[PDB]
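Quick setup: one chain, the form deposited in one PDB entry, written in structure tokens, and binding and motion questions come after.
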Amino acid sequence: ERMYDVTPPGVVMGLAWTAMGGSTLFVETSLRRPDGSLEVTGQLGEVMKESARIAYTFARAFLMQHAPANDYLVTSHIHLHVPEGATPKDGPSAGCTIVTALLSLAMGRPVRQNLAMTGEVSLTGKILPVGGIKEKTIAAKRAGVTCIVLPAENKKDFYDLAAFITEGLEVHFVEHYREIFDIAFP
């Protein structure tokens, strides 16, 4: 019950919400070898555009430590898109999602399947709490997500849900992006 059954490299499942409830969505990225650049589409608001800029800066620094020979994030012209195209989107909570998509694309490695994540990323890779955890978790469960990555400071929201919703979910409460990296790329 979602746009991708199997995600290719550069595609990651995120989580959103409104007053009506949660939903899943996908961050898509692609690149062409020609300093690189990042072009963003998907009717993104300013806060979400800034989060893409932070994620891009941090992903470049993270990849330089983890794979110094990989120059894809420093030299390529990268495009990031969040379908559906006509739907307005905003907020900082896809920061981790965007970092992961860029690293996935640069490494040519898909992320673990049936994984979704939500979490704001700071410039140094700290993972900050987000809103809508109850709604997002319900939406993840309905979409068949079995592994969900959440900010550690949102534990209380997760445990406000009835047990039958969260039972057997592999839940990871994280404080730093490097924990997310190890989950997405085992």
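Rigid core here is just the name for the largest C-alpha set that superposes within 1.5 Å across the two forms. From 1 onward, residues are counted along the sequence shown.
Another form, the form deposited in another entry, is not on view; read the next lines as being about it.
Once the rigid core is overlaid between the shown form and the other one, residue 90 counts among the residues whose Cα shifts by 2 Å or more. Inter-residue distance, residue 89 to residue 143 (Cα): increased by at least 3 Å in the other entry versus the depicted form. Between residue 84 and residue 123, the Cα spacing is smaller in the other entry than in the shown form, differing by no less than 3 Å.
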